[PDB]
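Listed next as structure tokens is one chain, alone, in the form deposited in one PDB entry.
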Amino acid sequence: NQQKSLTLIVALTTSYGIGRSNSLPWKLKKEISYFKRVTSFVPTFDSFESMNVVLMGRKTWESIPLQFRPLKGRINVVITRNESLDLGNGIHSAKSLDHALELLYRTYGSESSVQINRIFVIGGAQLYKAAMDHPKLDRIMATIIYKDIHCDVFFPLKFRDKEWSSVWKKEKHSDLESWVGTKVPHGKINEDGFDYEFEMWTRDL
């Protein structure tokens, strides 16, 4: 198992809502563009050898548009307890998150040209719950949607809340930029009648 820290990436409403009907309930081209920069960005000196990983629960797998997967420029892994068959061409599936990480280490060791850079968990709610409890999860890339859209699926831990304020802290914008490496818009962004904003929350292991 593990060596490296985990990063969770989520887009949620102020009520912690994350989806409805096996879909993320909004249409945001610039917010989806953000997901893509974060999840495929590796430093220049390292982009040479290094590739990122996206860990996801299979309903999130399903939920993705046939057109966009396997997500490109990334190692895709699907967490499924009933790993029967996985339709893909180099797409891994694992029994759980620790299984996914031994799998990757094993598979991207010394007999490889492709090294792992950063590891991201992309959801859904059941995979977000297990990560939140992993001793290696130390950062949450969150996109806050300033609107109470109807959702039926919720993020499992109210991390921006008063109850978690001694563990999870919001980081300065300048450090969110420095971590993702692309400059990023500060404050509210308006796209299709929705208000949103990017944040970076961190905890000490």
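Residues carry their position along the shown sequence, with the first being 1. What we label the rigid core is the largest C-alpha set whose atoms superpose within 1.5 Å from one form to the other.
If you look for the form deposited in another entry, you will not find it shown, but the lines that follow are about it.
K.L.:
If you line up the core, which of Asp46, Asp175, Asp148, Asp161 has a CA that moves 2 Å or more between this form and the one not shown?
P.N.:
Only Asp46 moves by 2 Å or more at its C-alpha.
K.L.:
Superposed on the rigid core, does the Cα of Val114 end up 2 angstroms or more away between this form and the one not shown?
P.N.:
No, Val114 moves less than 2 Å.
K.L.:
With both forms fit on the core, is the shift of the CA atom of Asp98 between this form and the one not shown 2 Å or larger?
P.N.:
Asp98: C-alpha displaced by less than 2 Å between this form and the one not shown.
K.L.:
Superposing on the rigid core, is the CA of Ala11 displaced by 2 Å or more between this form and the one not shown?
P.N.:
No, the C-alpha moves less than 2 Å.
K.L.:
If the C-alpha spacing of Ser23 and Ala125 moves by 3 Å or more in the other entry, is that a move closer or farther apart?
P.N.:
The answer is farther, because the C-alphas of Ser23 and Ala125 separate from each other in the other entry by 3 Å or more.
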